[PDB]
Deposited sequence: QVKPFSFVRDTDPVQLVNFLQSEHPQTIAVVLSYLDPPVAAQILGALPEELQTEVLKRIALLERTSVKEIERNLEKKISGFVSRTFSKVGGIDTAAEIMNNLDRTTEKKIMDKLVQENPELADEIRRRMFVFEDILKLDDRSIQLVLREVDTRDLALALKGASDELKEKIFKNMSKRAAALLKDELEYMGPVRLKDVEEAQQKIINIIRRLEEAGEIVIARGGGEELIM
């Protein structure tokens, strides 16, 4: 079973009560093991002074120093946490708290802040992109992944994507949808994740405009 799994079984406040007086690092460890919405809920309820530091430690969980990297590597060779975890927690925080943590990271860890922000991109964020960028992305997506990803998108996002496809691609997509049928929710999920990865890569290449 997974560590800290008894957390959803534990009380609400007594939970924040104990974590409050623990070392930030110890806090980072416990939260990085929980479902993000749960972690975001706890994080936002922690004393303001711990929020940023704890979020940063979650982001750099086993990357804190060259020594830590060297040690962790050796373990895996012989016998959790990270940027994604942090970004997922930030997406589930209330806007206000999220903004405060991001503003501080921008000031003290500008790079890490940038890694987290870019990792925070969700499928609906595609609505933030301009039409040209969207077309750029579409050329990198196969018909089936697109169809799957769309079964989990808002009608508005559906539209903005459609009006940006080539006539031939749109026809192929429509065909897929017609003979696709019901699908496992997790397929819709990885399809969207796949498109998101394409976006994350196209911006690392500095060719994606918001």
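Undergrad: Please list, in sequence order, every stretch of the deposited sequence that lacks C-alpha coordinates.
TA: In the chain as deposited, 1, 81 to 88, 220 to 229 carry no coordinates.
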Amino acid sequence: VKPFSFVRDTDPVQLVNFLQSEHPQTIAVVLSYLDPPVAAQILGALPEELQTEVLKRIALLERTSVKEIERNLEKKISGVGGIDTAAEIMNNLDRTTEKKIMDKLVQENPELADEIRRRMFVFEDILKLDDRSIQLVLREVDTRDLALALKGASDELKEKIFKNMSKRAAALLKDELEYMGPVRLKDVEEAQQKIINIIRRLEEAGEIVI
From here on, numbers count along this sequence of modelled residues.
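Undergrad: Mean CA B-factor: is it higher for 89 to 97 or for 130 to 138?
TA: According to the entry, 130 to 138 carries the higher average C-alpha B-factor.
Undergrad: For the stretches 15 to 23 and 185 to 193, which has the higher mean C-alpha B-factor as given in the deposited record?
TA: Comparing averages over the C-alpha atoms only gives 15 to 23.
Undergrad: Highest Cα B-factor in the PDB entry belongs to which of 150, 173, 61, 161?
TA: Max CA B-factor in the entry, restricted to 150, 173, 61, 161: 61.
Undergrad: Could you look up the Cα B-factor of residue 102 in the entry and say which third of the chain it sits in: lowest, middle or highest?
TA: Lowest third.
Undergrad: Report the third (lowest, middle or highest) to which the CA temperature factor of residue 35 belongs, ranking only the modelled residues of the same chain.
TA: For residue 35, the deposited C-alpha B-factor lands in the middle third.
Undergrad: Mind checking which third residue 165 falls in for C-alpha B-factor across the chain?
TA: It belongs to the middle third of the chain when residues are ordered by C-alpha B-factor.
Undergrad: Quick one: classify residue 199 as lowest, middle or highest third of the chain based on its Cα B-factor.
TA: CA B-factor rank for residue 199: middle third.
Undergrad: For residue 29, return the chain-relative third of its C-alpha B-factor as stated in the PDB record: lowest, middle or highest.
TA: CA B-factor rank for residue 29: lowest third.
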